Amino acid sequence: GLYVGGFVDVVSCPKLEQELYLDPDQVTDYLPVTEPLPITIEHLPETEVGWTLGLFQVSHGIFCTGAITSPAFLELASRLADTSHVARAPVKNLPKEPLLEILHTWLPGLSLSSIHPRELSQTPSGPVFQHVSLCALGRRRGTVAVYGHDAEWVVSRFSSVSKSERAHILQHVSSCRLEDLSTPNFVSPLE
């Protein structure tokens, strides 16, 4: 099981337009979110690879911590990290932890899917957020996603998160066991 952390772009995938980047301040009222949301690849519902453990408002923006739990995805990505020249081409030579470096490089973006700002201004009936996506394109704000084996290590990699914010974040993360989370639906494309 891997952990992922970083600051999200807040998007509401629209039907008419190509993309809509929300200002984080439009959703802070609905944070924090400590119930598990799916983590997918590029907003594709069939690519669940894990679950969020917390969405938090911090000084520097909206910070997300999640767990990558899909066995099919972890096995595939680990094999690629040790054997694929394509996966290793855009990363530094001979990394000590190739899996982490390859996710860090190939999926640097975290995007939080929100309902349209129309309902955010009023009183929403249902959930405001649907999922978080690991993304290869469309990154707007600075900083990139961090992947690691230890949650504390992931969050501490962000100097823009204070000691107080890290302690609040890690309280919820440690309060959840990944065993009683359902298996994500990701299927290896090689099948």
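One rule holds for the numbers: they count along the sequence shown, beginning at 1. Under this definition, the rigid core comprises the largest set of C-alpha atoms superposing within 1.5 Å between the forms.
RMS Cα deviation from the shown model in 6 other deposited structures of this protein, rigid core fit, is larger for 136-144 than for the other stretch of the pair 136-144 / 37-45. The PDB entry records a higher mean C-alpha B factor for 169-177 than for its counterpart among 169-177 and 5-13. Averaged over their C-alpha atoms, the temperature factors of 60-68 and 26-34 are higher for 26-34. Looking only at 108, 90, 98, 117, the residue with the top Cα B factor in the deposited structure is 117. The entry assigns its greatest Cα B factor, within the set 47, 52, 160, 143, to 160. In the deposited entry, the Cα temperature factor of residue 121 places it in the highest third of its chain's modelled residues. Remark: residue 164 belongs to the highest third of its chain, ranked by C-alpha B-factor as recorded.
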